[PDB]
Structures are given as structure tokens and as C-alpha cells.
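Presented as C-alpha cells, the chain that follows is alone, the form deposited in one PDB entry.
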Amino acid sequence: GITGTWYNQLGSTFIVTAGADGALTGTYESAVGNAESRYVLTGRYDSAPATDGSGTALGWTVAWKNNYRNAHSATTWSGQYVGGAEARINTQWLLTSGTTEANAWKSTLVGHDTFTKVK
């Protein structure tokens, strides 16, 4: 249920393959920020979720460097997949920038993205 194309509330595009081993692989294209075109992502998911109708825990990382831009920063999304007719991946995220020590206190943004199958 995880493999495919997903879209968040900003209009970003998350293209992922869930491997049998628990691997997540794919690309991310952000609608916002210091970003253009696609970025590599990798992550992990629970390949044997609870069979009580609980979500499937997962997470992935993008480092914001590709052949076009380098924003010296990385986002991790941590969340859970919920299947069915309105399938969703509900996440919270941490976006850490490379900073000097003096500016480390303001290195990290936090937010929340909800992914669905329709934009």
C-alpha cells in the first residue's frame, strides 16, 4: 500500500518504493523552500505491521543536495501509513540545517505533513 506517488498539503510529490526487506527508496520534490526538481530519499518501514488495524510506522530522509541546488540541510519525516479508501501517510518532520556552533540553537525546523494519493 505504500509504494507509489503521494502528495502533501503543500503540493510536494513523494515517489516511493517499499521493498520486501523494509527499505524505502525514491524521490522527493518539494513545492516550497530552497529546492528544485527531485532529491534522493531513503528510509525504513515496518514490513510486518500489527494486524489489529494499527498504522504502519515508517520514516525517511532527504538531504537537500541534487545536481541543481544544495541547501545544506536535511529533512526527516517520521510517521505512519494508514490504508483504506482515504489512505494517508501522517508525518511529523525535522529539517536540520548545517550551522555554526553559535547558531546551532536555530538549526532545526519542525512541522507536520499529511500525504494522500490525490493532490
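So that there is no doubt, residue numbering starts at 1 and follows the sequence shown. Residues that one form lacks are left out of the comparison. So that the term is clear: the rigid core is the largest set of C-alpha atoms that superpose within 1.5 Å between two forms.
The deposited model assigns a higher average Cα B-factor to 52-60 than to the other stretch when 52-60 and 35-43 are compared. The mean C-alpha temperature factor is higher for 14-22 when 14-22 and 104-112 are set side by side. Within the selection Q80, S30, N67, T75, the deposited Cα B-factor values reach their highest point at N67. The deposited CA B-factor of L94 belongs to the lowest third of values across its chain.
Just so you know, the form deposited in another entry exists too; it's not on screen, but the next bit is about it.
For the residues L94, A35, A63, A87, superposed on the rigid core between the shown form and the other one, a C-alpha shift of 2 angstroms or more shows up only at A35. Pairwise change in the other entry: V16 and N34 C-alpha atoms lie closer than in the shown form, at least 3 Å. Cα-Cα spacing of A35 to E101 is enlarged in the other entry versus the present form (difference of at least 3 Å). Identified as moving between the shown form and the other one on the superposed core are the stretches 9-11, 30-36, each made of at least three consecutive residues whose Cα atoms shift by 2 Å or more.
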